[PDB]
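This is data-v2.pdb (PDB, C-alpha atoms).
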```pdb
ATOM      1  CA  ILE Q   1       0.000   0.000   0.000
ATOM      2  CA  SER Q   2       0.778   3.683   0.491
ATOM      3  CA  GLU Q   3       1.459   5.612   3.718
ATOM      4  CA  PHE Q   4      -2.302   6.044   4.183
ATOM      5  CA  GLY Q   5      -3.696   2.939   2.515
ATOM      6  CA  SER Q   6      -4.578   2.220  -1.110
ATOM      7  CA  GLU Q   7      -7.885   3.859  -1.914
ATOM      8  CA  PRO Q   8      -8.598   7.604  -2.168
ATOM      9  CA  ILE Q   9      -9.205   9.615   0.962
ATOM     10  CA  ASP Q  10     -12.064  12.076   1.174
ATOM     11  CA  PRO Q  11     -10.426  15.152   2.745
ATOM     12  CA  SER Q  12     -13.793  16.095   4.247
ATOM     13  CA  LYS Q  13     -13.706  13.227   6.707
ATOM     14  CA  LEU Q  14     -10.194  14.008   7.972
ATOM     15  CA  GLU Q  15     -10.469  14.889  11.657
ATOM     16  CA  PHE Q  16      -8.267  17.192  13.762
ATOM     17  CA  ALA Q  17      -7.760  17.530  17.502
ATOM     18  CA  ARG Q  18      -6.332  19.641  20.310
ATOM     19  CA  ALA Q  19      -4.785  18.039  23.379
ATOM     20  CA  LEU Q  20      -6.674  18.931  26.577
ATOM     21  CA  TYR Q  21      -3.865  17.916  28.940
ATOM     22  CA  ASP Q  22      -0.160  17.207  28.935
ATOM     23  CA  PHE Q  23       0.529  13.541  28.279
ATOM     24  CA  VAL Q  24       3.581  11.415  28.903
ATOM     25  CA  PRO Q  25       3.614   8.001  27.197
ATOM     26  CA  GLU Q  26       3.610   4.972  29.488
ATOM     27  CA  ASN Q  27       4.759   3.104  26.361
ATOM     28  CA  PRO Q  28       7.324   5.232  24.418
ATOM     29  CA  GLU Q  29       7.243   2.919  21.448
ATOM     30  CA  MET Q  30       3.496   2.922  20.800
ATOM     31  CA  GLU Q  31       2.469   6.356  22.087
ATOM     32  CA  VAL Q  32       3.193  10.031  21.454
ATOM     33  CA  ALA Q  33       3.822  12.795  23.972
ATOM     34  CA  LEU Q  34       1.434  15.747  24.129
ATOM     35  CA  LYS Q  35       1.373  19.214  25.646
ATOM     36  CA  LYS Q  36      -1.950  20.915  26.377
ATOM     37  CA  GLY Q  37      -3.021  22.825  23.290
ATOM     38  CA  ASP Q  38      -1.222  20.674  20.701
ATOM     39  CA  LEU Q  39      -2.995  20.105  17.371
ATOM     40  CA  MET Q  40      -2.843  16.813  15.508
ATOM     41  CA  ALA Q  41      -4.426  14.758  12.781
ATOM     42  CA  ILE Q  42      -6.475  11.736  13.787
ATOM     43  CA  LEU Q  43      -5.245   8.950  11.531
ATOM     44  CA  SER Q  44      -7.246   6.061  12.958
ATOM     45  CA  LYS Q  45      -9.478   4.974  15.837
ATOM     46  CA  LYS Q  46      -8.530   1.316  15.688
ATOM     47  CA  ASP Q  47      -5.676  -0.532  17.441
ATOM     48  CA  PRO Q  48      -2.794  -2.351  15.648
ATOM     49  CA  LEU Q  49      -4.892  -5.524  15.439
ATOM     50  CA  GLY Q  50      -7.651  -3.601  13.621
ATOM     51  CA  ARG Q  51     -10.042  -3.485  16.614
ATOM     52  CA  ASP Q  52     -12.040  -0.417  17.705
ATOM     53  CA  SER Q  53      -9.958   1.141  20.489
ATOM     54  CA  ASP Q  54     -10.169   4.039  22.966
ATOM     55  CA  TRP Q  55      -6.594   4.819  21.942
ATOM     56  CA  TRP Q  56      -6.450   6.766  18.716
ATOM     57  CA  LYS Q  57      -3.464   6.914  16.396
ATOM     58  CA  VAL Q  58      -2.529  10.483  15.557
ATOM     59  CA  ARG Q  59       0.052  12.497  13.683
ATOM     60  CA  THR Q  60       1.326  15.494  15.667
ATOM     61  CA  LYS Q  61       2.729  18.795  14.425
ATOM     62  CA  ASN Q  62       6.224  17.285  14.894
ATOM     63  CA  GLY Q  63       5.259  14.551  12.431
ATOM     64  CA  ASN Q  64       5.285  11.846  15.104
ATOM     65  CA  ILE Q  65       2.748   9.053  14.787
ATOM     66  CA  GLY Q  66       1.528   7.192  17.855
ATOM     67  CA  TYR Q  67      -1.529   6.535  19.976
ATOM     68  CA  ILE Q  68      -3.103   8.794  22.586
ATOM     69  CA  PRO Q  69      -6.068   8.254  24.915
ATOM     70  CA  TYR Q  70      -9.227   9.591  23.280
ATOM     71  CA  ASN Q  71     -10.336  11.453  26.426
ATOM     72  CA  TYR Q  72      -7.069  13.413  26.429
ATOM     73  CA  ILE Q  73      -7.996  15.159  23.188
ATOM     74  CA  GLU Q  74     -10.736  17.320  21.784
ATOM     75  CA  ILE Q  75     -11.928  16.867  18.206
ATOM     76  CA  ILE Q  76     -12.090  20.260  16.537
ATOM     77  CA  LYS Q  77     -15.661  20.925  15.381
ATOM     78  CA  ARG Q  78     -16.850  22.329  12.054
ATOM     79  CA  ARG Q  79     -16.457  25.978  10.962
ATOM     80  CA  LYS Q  80     -15.498  27.440  14.332
ATOM     81  CA  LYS Q  81     -16.302  25.974  17.738
ATOM     82  CA  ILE Q  82     -12.937  24.179  17.766
TER
ATOM     83  CA  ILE X   1      -9.488  31.435  63.479
ATOM     84  CA  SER X   2      -7.171  28.433  63.298
ATOM     85  CA  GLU X   3      -5.695  27.113  60.067
ATOM     86  CA  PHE X   4      -9.033  25.559  59.173
ATOM     87  CA  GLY X   5     -11.477  27.909  60.873
ATOM     88  CA  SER X   6     -12.999  28.138  64.369
ATOM     89  CA  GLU X   7     -15.814  25.605  64.506
ATOM     90  CA  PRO X   8     -14.860  21.954  65.114
ATOM     91  CA  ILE X   9     -14.542  19.840  61.954
ATOM     92  CA  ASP X  10     -16.383  16.658  61.018
ATOM     93  CA  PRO X  11     -13.796  14.008  59.925
ATOM     94  CA  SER X  12     -16.230  12.053  57.735
ATOM     95  CA  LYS X  13     -16.503  15.111  55.533
ATOM     96  CA  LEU X  14     -12.831  15.580  54.633
ATOM     97  CA  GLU X  15     -12.279  14.488  51.042
ATOM     98  CA  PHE X  16      -9.161  13.275  49.337
ATOM     99  CA  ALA X  17      -8.500  13.278  45.601
ATOM    100  CA  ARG X  18      -6.190  11.697  43.032
ATOM    101  CA  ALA X  19      -4.794  13.641  40.103
ATOM    102  CA  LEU X  20      -6.048  12.376  36.725
ATOM    103  CA  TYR X  21      -3.552  14.294  34.549
ATOM    104  CA  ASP X  22      -0.283  16.185  34.910
ATOM    105  CA  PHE X  23      -0.884  19.859  35.606
ATOM    106  CA  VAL X  24       1.371  22.873  35.273
ATOM    107  CA  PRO X  25       0.149  26.093  36.911
ATOM    108  CA  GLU X  26      -0.573  29.011  34.609
ATOM    109  CA  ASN X  27      -0.494  31.056  37.833
ATOM    110  CA  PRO X  28       2.459  29.841  40.012
ATOM    111  CA  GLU X  29       1.353  31.944  42.950
ATOM    112  CA  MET X  30      -2.240  30.701  43.234
ATOM    113  CA  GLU X  31      -1.938  27.147  41.907
ATOM    114  CA  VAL X  32       0.015  23.978  42.746
ATOM    115  CA  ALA X  33       1.757  21.629  40.269
ATOM    116  CA  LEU X  34       0.552  18.063  39.687
ATOM    117  CA  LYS X  35       1.515  14.696  38.242
ATOM    118  CA  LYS X  36      -1.045  12.105  37.230
ATOM    119  CA  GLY X  37      -1.651   9.903  40.259
ATOM    120  CA  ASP X  38      -0.707  12.387  43.001
ATOM    121  CA  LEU X  39      -2.743  12.345  46.205
ATOM    122  CA  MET X  40      -4.015  15.465  47.940
ATOM    123  CA  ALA X  41      -6.424  16.593  50.614
ATOM    124  CA  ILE X  42      -9.213  18.948  49.519
ATOM    125  CA  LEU X  43      -9.238  21.995  51.772
ATOM    126  CA  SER X  44     -11.914  24.057  50.047
ATOM    127  CA  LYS X  45     -14.099  24.422  46.924
ATOM    128  CA  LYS X  46     -14.555  28.170  47.274
ATOM    129  CA  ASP X  47     -12.530  30.752  45.392
ATOM    130  CA  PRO X  48     -10.522  33.271  47.445
ATOM    131  CA  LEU X  49     -13.593  35.528  47.579
ATOM    132  CA  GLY X  50     -15.744  32.805  49.146
ATOM    133  CA  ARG X  51     -17.678  32.023  45.927
ATOM    134  CA  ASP X  52     -18.197  28.623  44.340
ATOM    135  CA  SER X  53     -15.554  27.758  41.768
ATOM    136  CA  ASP X  54     -14.172  25.129  39.452
ATOM    137  CA  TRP X  55     -10.839  25.706  41.159
ATOM    138  CA  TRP X  56     -10.395  23.855  44.445
ATOM    139  CA  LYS X  57      -7.714  24.496  47.053
ATOM    140  CA  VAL X  58      -5.758  21.418  47.965
ATOM    141  CA  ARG X  59      -2.896  20.206  50.138
ATOM    142  CA  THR X  60      -0.531  18.057  48.059
ATOM    143  CA  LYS X  61       1.708  15.185  49.111
ATOM    144  CA  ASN X  62       4.555  17.736  49.378
ATOM    145  CA  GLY X  63       2.620  20.015  51.695
ATOM    146  CA  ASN X  64       2.089  22.650  49.007
ATOM    147  CA  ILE X  65      -1.274  24.452  49.049
ATOM    148  CA  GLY X  66      -2.981  25.956  46.034
ATOM    149  CA  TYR X  67      -5.760  25.720  43.522
ATOM    150  CA  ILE X  68      -6.331  23.022  40.903
ATOM    151  CA  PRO X  69      -9.093  22.593  38.308
ATOM    152  CA  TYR X  70     -11.788  20.293  39.660
ATOM    153  CA  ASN X  71     -11.932  18.271  36.423
ATOM    154  CA  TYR X  72      -8.220  17.476  36.758
ATOM    155  CA  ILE X  73      -8.825  15.432  39.915
ATOM    156  CA  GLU X  74     -10.797  12.448  41.070
ATOM    157  CA  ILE X  75     -12.404  12.418  44.507
ATOM    158  CA  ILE X  76     -11.603   9.107  46.171
ATOM    159  CA  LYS X  77     -14.715   7.092  47.150
ATOM    160  CA  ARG X  78     -15.298   4.788  50.188
ATOM    161  CA  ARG X  79     -14.281   1.374  51.569
TER
ATOM    162  CA  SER R   6      25.879  32.770  26.335
ATOM    163  CA  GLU R   7      25.455  30.754  23.114
ATOM    164  CA  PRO R   8      24.949  32.762  19.868
ATOM    165  CA  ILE R   9      21.192  32.895  19.280
ATOM    166  CA  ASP R  10      19.451  32.181  15.974
ATOM    167  CA  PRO R  11      17.742  35.382  14.742
ATOM    168  CA  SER R  12      14.611  33.236  14.336
ATOM    169  CA  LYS R  13      14.240  31.947  17.871
ATOM    170  CA  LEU R  14      15.223  35.182  19.637
ATOM    171  CA  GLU R  15      12.321  36.197  21.873
ATOM    172  CA  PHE R  16      11.788  38.801  24.562
ATOM    173  CA  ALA R  17       9.769  37.984  27.663
ATOM    174  CA  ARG R  18       8.013  39.991  30.380
ATOM    175  CA  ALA R  19       7.631  38.579  33.886
ATOM    176  CA  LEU R  20       4.035  38.043  35.030
ATOM    177  CA  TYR R  21       4.878  37.384  38.676
ATOM    178  CA  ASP R  22       7.826  38.031  40.991
ATOM    179  CA  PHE R  23      10.365  35.198  41.209
ATOM    180  CA  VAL R  24      12.689  34.946  44.197
ATOM    181  CA  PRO R  25      15.543  32.561  43.396
ATOM    182  CA  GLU R  26      15.912  29.742  45.892
ATOM    183  CA  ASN R  27      19.181  28.658  44.311
ATOM    184  CA  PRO R  28      20.791  31.940  43.036
ATOM    185  CA  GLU R  29      23.499  29.614  41.751
ATOM    186  CA  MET R  30      21.569  29.168  38.473
ATOM    187  CA  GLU R  31      18.303  30.978  39.242
ATOM    188  CA  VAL R  32      17.777  34.615  38.327
ATOM    189  CA  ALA R  33      15.665  37.201  40.179
ATOM    190  CA  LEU R  34      12.694  38.762  38.379
ATOM    191  CA  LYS R  35      10.138  41.358  39.365
ATOM    192  CA  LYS R  36       6.633  41.396  37.858
ATOM    193  CA  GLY R  37       6.883  43.325  34.613
ATOM    194  CA  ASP R  38      10.630  42.954  33.987
ATOM    195  CA  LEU R  39      11.886  42.526  30.445
ATOM    196  CA  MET R  40      14.348  39.793  29.484
ATOM    197  CA  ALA R  41      15.739  37.911  26.493
ATOM    198  CA  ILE R  42      15.232  34.152  26.361
ATOM    199  CA  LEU R  43      18.634  32.460  25.944
ATOM    200  CA  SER R  44      17.306  28.929  25.695
ATOM    201  CA  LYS R  45      14.305  26.719  26.423
ATOM    202  CA  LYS R  46      16.693  23.825  27.183
ATOM    203  CA  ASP R  47      18.127  22.458  30.439
ATOM    204  CA  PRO R  48      21.768  22.266  31.541
ATOM    205  CA  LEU R  49      22.066  18.957  29.693
ATOM    206  CA  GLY R  50      20.391  19.557  26.320
ATOM    207  CA  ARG R  51      16.722  18.541  26.537
ATOM    208  CA  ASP R  52      13.407  20.445  26.418
ATOM    209  CA  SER R  53      12.688  21.604  30.008
ATOM    210  CA  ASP R  54      10.224  23.892  31.803
ATOM    211  CA  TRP R  55      13.050  26.089  33.081
ATOM    212  CA  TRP R  56      14.229  28.618  30.510
ATOM    213  CA  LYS R  57      17.615  30.348  30.447
ATOM    214  CA  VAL R  58      17.250  34.077  30.224
ATOM    215  CA  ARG R  59      19.107  37.351  30.265
ATOM    216  CA  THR R  60      17.958  40.052  32.638
ATOM    217  CA  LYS R  61      17.889  43.709  31.675
ATOM    218  CA  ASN R  62      20.914  43.941  33.975
ATOM    219  CA  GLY R  63      22.801  41.295  32.008
ATOM    220  CA  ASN R  64      22.254  38.509  34.511
ATOM    221  CA  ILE R  65      21.963  35.049  32.964
ATOM    222  CA  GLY R  66      20.061  32.313  34.760
ATOM    223  CA  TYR R  67      17.147  29.888  34.679
ATOM    224  CA  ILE R  68      13.472  30.620  35.352
ATOM    225  CA  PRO R  69      10.208  28.613  35.307
ATOM    226  CA  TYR R  70       8.515  29.328  31.995
ATOM    227  CA  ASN R  71       5.108  29.927  33.623
ATOM    228  CA  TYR R  72       6.431  33.030  35.404
ATOM    229  CA  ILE R  73       6.961  34.791  32.116
ATOM    230  CA  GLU R  74       5.152  35.665  28.931
ATOM    231  CA  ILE R  75       6.704  35.927  25.495
ATOM    232  CA  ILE R  76       6.153  39.456  24.217
ATOM    233  CA  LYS R  77       4.537  38.806  20.855
ATOM    234  CA  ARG R  78       4.185  41.338  18.050
TER
ATOM    235  CA  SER D   6      28.636  10.126  40.171
ATOM    236  CA  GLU D   7      28.446  11.245  43.822
ATOM    237  CA  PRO D   8      27.428   9.634  47.174
ATOM    238  CA  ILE D   9      23.793   8.470  47.261
ATOM    239  CA  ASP D  10      21.581   8.246  50.377
ATOM    240  CA  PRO D  11      20.772   4.656  51.461
ATOM    241  CA  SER D  12      17.111   5.681  51.488
ATOM    242  CA  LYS D  13      16.751   6.839  47.910
ATOM    243  CA  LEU D  14      18.837   4.095  46.294
ATOM    244  CA  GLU D  15      16.640   2.204  43.830
ATOM    245  CA  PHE D  16      17.115  -0.431  41.134
ATOM    246  CA  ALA D  17      15.132  -0.399  37.903
ATOM    247  CA  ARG D  18      14.610  -2.702  34.923
ATOM    248  CA  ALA D  19      14.381  -1.419  31.347
ATOM    249  CA  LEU D  20      10.840  -1.843  29.962
ATOM    250  CA  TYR D  21      11.770  -0.936  26.376
ATOM    251  CA  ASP D  22      14.985  -0.654  24.401
ATOM    252  CA  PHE D  23      16.518   2.823  24.433
ATOM    253  CA  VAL D  24      19.060   4.271  22.023
ATOM    254  CA  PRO D  25      21.389   7.044  23.285
ATOM    255  CA  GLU D  26      20.469  10.684  22.635
ATOM    256  CA  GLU D  29      26.663   9.835  23.689
ATOM    257  CA  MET D  30      25.647  12.288  26.418
ATOM    258  CA  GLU D  31      23.275   9.766  28.060
ATOM    259  CA  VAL D  32      22.980   5.978  28.483
ATOM    260  CA  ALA D  33      21.945   3.116  26.172
ATOM    261  CA  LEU D  34      19.350   0.577  27.272
ATOM    262  CA  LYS D  35      17.920  -2.744  26.220
ATOM    263  CA  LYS D  36      14.649  -4.200  27.427
ATOM    264  CA  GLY D  37      15.455  -6.307  30.463
ATOM    265  CA  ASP D  38      18.647  -4.521  31.610
ATOM    266  CA  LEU D  39      19.101  -3.637  35.280
ATOM    267  CA  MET D  40      20.402  -0.308  36.602
ATOM    268  CA  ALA D  41      20.599   1.731  39.801
ATOM    269  CA  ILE D  42      18.717   5.025  39.861
ATOM    270  CA  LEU D  43      21.240   7.558  41.173
ATOM    271  CA  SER D  44      19.119  10.678  40.769
ATOM    272  CA  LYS D  45      15.608  11.678  39.672
ATOM    273  CA  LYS D  46      16.774  15.212  38.868
ATOM    274  CA  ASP D  47      18.994  16.998  36.351
ATOM    275  CA  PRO D  48      22.496  18.596  36.395
ATOM    276  CA  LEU D  49      20.709  21.534  38.047
ATOM    277  CA  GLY D  50      18.731  19.763  40.757
ATOM    278  CA  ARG D  51      15.106  20.253  39.739
ATOM    279  CA  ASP D  52      12.509  17.505  39.210
ATOM    280  CA  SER D  53      12.981  15.941  35.748
ATOM    281  CA  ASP D  54      11.639  13.310  33.322
ATOM    282  CA  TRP D  55      15.197  12.189  32.716
ATOM    283  CA  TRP D  56      16.970  10.248  35.432
ATOM    284  CA  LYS D  57      20.676   9.594  36.049
ATOM    285  CA  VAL D  58      21.574   5.932  36.249
ATOM    286  CA  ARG D  59      24.372   3.388  36.335
ATOM    287  CA  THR D  60      24.254   0.509  33.848
ATOM    288  CA  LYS D  61      25.213  -3.016  34.825
ATOM    289  CA  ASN D  62      28.404  -2.250  32.855
ATOM    290  CA  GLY D  63      29.171   0.801  34.992
ATOM    291  CA  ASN D  64      27.897   3.257  32.420
ATOM    292  CA  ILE D  65      26.370   6.418  33.810
ATOM    293  CA  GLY D  66      24.071   8.847  32.015
ATOM    294  CA  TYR D  67      20.452  10.022  31.762
ATOM    295  CA  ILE D  68      17.400   8.096  30.514
ATOM    296  CA  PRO D  69      13.661   8.927  30.140
ATOM    297  CA  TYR D  70      11.928   7.681  33.269
ATOM    298  CA  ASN D  71       9.085   6.057  31.292
ATOM    299  CA  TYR D  72      11.495   3.574  29.701
ATOM    300  CA  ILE D  73      12.186   1.992  33.070
ATOM    301  CA  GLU D  74      10.422   0.578  36.084
ATOM    302  CA  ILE D  75      11.616   0.728  39.686
ATOM    303  CA  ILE D  76      11.972  -2.870  40.897
ATOM    304  CA  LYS D  77      10.182  -4.214  43.981
TER
END
```
Can the structure in the file be given as structure tokens, please?
Amino acid sequence: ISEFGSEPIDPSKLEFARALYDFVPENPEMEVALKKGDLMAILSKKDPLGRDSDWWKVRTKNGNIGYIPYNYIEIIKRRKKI
Amino acid sequence: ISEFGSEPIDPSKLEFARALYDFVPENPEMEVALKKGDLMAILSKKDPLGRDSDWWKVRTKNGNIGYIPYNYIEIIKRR
Amino acid sequence: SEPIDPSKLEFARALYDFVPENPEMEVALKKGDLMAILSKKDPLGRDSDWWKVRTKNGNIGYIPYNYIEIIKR
Amino acid sequence: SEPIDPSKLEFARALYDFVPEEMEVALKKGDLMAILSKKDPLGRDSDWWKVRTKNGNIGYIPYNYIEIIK
């Protein structure tokens, strides 16, 4: 495949988020570190096995890709309500 | 007054809390730092003016005293 | 100290007074003071919450970043 | 580095492999080490800790890569 799969991605379904709290990975190999107010792209809401998980894989401003607890972030809403 | 007022206190009313997330004060003079997991004793839920607030005054493990957002902590429940 | 990149050179204003506890590496600041940020890194290279600054009086030293505010255009 | 207090002397095991940042120490899942200090070259609370490898190597490592034993 490609970095983001094989089929086309609809840019309208791409979600963004802002970290609500600082976060230090308990697992430095699977997770990413966050500072309150960081923005990121939500790449997937499934674990490595393909299961629905409360840990979401994201891509931070740094370019780092790892998981973060869903309740530690805020999905930016449409138009302006961030 | 004493450190905690003048009227006797009811023990089964004192609440303790556990930090849910790390917290860095935006106001170092009014707030206390925190690390996820930290224990504390809740002194009061009133702001410095006596009003209700989302900022509670706590006594940390260290002995520090300051305010922390209420949604950043978890009040420990019973037996 | 170290020659600063003209990109990351920022000036800060102190929001609260800071009384050094360890004047060895800590600098004194009074609410409202102006200072240049020398580095956002710790003694041993690594992003820390203690920034190295330069006082208006030329004093170098570390300070907690939440005591200051970057003066933005 | 310097004399440690018999109260704060702890041993840790490496939870995940760690690759040096030559100014710090290298780790491999499973390795043992003694935690000399949970501070920095300044003395303030830090995420990085100073340790001594089983091979006598000293240097800093991210505290979330290790686990204090017992």
Please find the residues of chain Q near chain D - the criterion being any atom within 9 Å, counting only C-alpha atoms - and write them as a list in words.
residues 24, 25, 26, 27, 28 and 29 of chain Q
Writing out the chosen residues with C-alpha atoms as a compact mmCIF listing (two decimals), in the coordinates of the input:
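Saved as out-v4.txt:
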```
# COMPACT_ATOMS: atom_id res chain seq x y z
CA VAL Q 24 3.58 11.42 28.90
CA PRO Q 25 3.61 8.00 27.20
CA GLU Q 26 3.61 4.97 29.49
CA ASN Q 27 4.76 3.10 26.36
CA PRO Q 28 7.32 5.23 24.42
CA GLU Q 29 7.24 2.92 21.45
```
The PyMOL selection byres ((chain Q) within 9 of (chain X)) resolved against shown file, as a ChimeraX atom specification
/Q:21-24,72
Looking at X:37, X:63, X:77, X:26, which one is nearest to residue 74 (chain R), with distances taken over only C-alpha atoms?
X:26
Residues near region 10-19 of chain R, cut-off 7 Å, only C-alpha atoms, skip fewer than 2 positions along chain, as a PDB file with C-alpha atoms, in the coordinates of the input:
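Result file follows (result19.pdb):
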```
ATOM      1  CA  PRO R   8      24.949  32.762  19.868  1.00  0.00           C
ATOM      2  CA  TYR R  21       4.878  37.384  38.676  1.00  0.00           C
ATOM      3  CA  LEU R  34      12.694  38.762  38.379  1.00  0.00           C
ATOM      4  CA  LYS R  35      10.138  41.358  39.365  1.00  0.00           C
ATOM      5  CA  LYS R  36       6.633  41.396  37.858  1.00  0.00           C
ATOM      6  CA  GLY R  37       6.883  43.325  34.613  1.00  0.00           C
ATOM      7  CA  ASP R  38      10.630  42.954  33.987  1.00  0.00           C
ATOM      8  CA  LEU R  39      11.886  42.526  30.445  1.00  0.00           C
ATOM      9  CA  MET R  40      14.348  39.793  29.484  1.00  0.00           C
ATOM     10  CA  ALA R  41      15.739  37.911  26.493  1.00  0.00           C
ATOM     11  CA  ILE R  42      15.232  34.152  26.361  1.00  0.00           C
ATOM     12  CA  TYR R  72       6.431  33.030  35.404  1.00  0.00           C
ATOM     13  CA  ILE R  73       6.961  34.791  32.116  1.00  0.00           C
ATOM     14  CA  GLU R  74       5.152  35.665  28.931  1.00  0.00           C
ATOM     15  CA  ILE R  75       6.704  35.927  25.495  1.00  0.00           C
ATOM     16  CA  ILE R  76       6.153  39.456  24.217  1.00  0.00           C
TER      17      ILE R  76
END
```
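Reported to one decimal place, the separation of CA of residue 25 (chain X) from CA of residue 77 (chain R) is 20.9 Å.
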Give as a PDB file with C-alpha atoms, in the coordinates of the input every residue, naming chains and numbers as the document does, that has an atom within 9 Å of (17.9, 10.5, 39.2), counting only C-alpha atoms.
```pdb
ATOM      1  CA  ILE D  42      18.717   5.025  39.861  1.00  0.00           C
ATOM      2  CA  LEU D  43      21.240   7.558  41.173  1.00  0.00           C
ATOM      3  CA  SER D  44      19.119  10.678  40.769  1.00  0.00           C
ATOM      4  CA  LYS D  45      15.608  11.678  39.672  1.00  0.00           C
ATOM      5  CA  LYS D  46      16.774  15.212  38.868  1.00  0.00           C
ATOM      6  CA  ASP D  47      18.994  16.998  36.351  1.00  0.00           C
ATOM      7  CA  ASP D  52      12.509  17.505  39.210  1.00  0.00           C
ATOM      8  CA  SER D  53      12.981  15.941  35.748  1.00  0.00           C
ATOM      9  CA  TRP D  55      15.197  12.189  32.716  1.00  0.00           C
ATOM     10  CA  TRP D  56      16.970  10.248  35.432  1.00  0.00           C
ATOM     11  CA  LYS D  57      20.676   9.594  36.049  1.00  0.00           C
ATOM     12  CA  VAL D  58      21.574   5.932  36.249  1.00  0.00           C
ATOM     13  CA  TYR D  67      20.452  10.022  31.762  1.00  0.00           C
ATOM     14  CA  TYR D  70      11.928   7.681  33.269  1.00  0.00           C
TER      15      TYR D  70
END
```
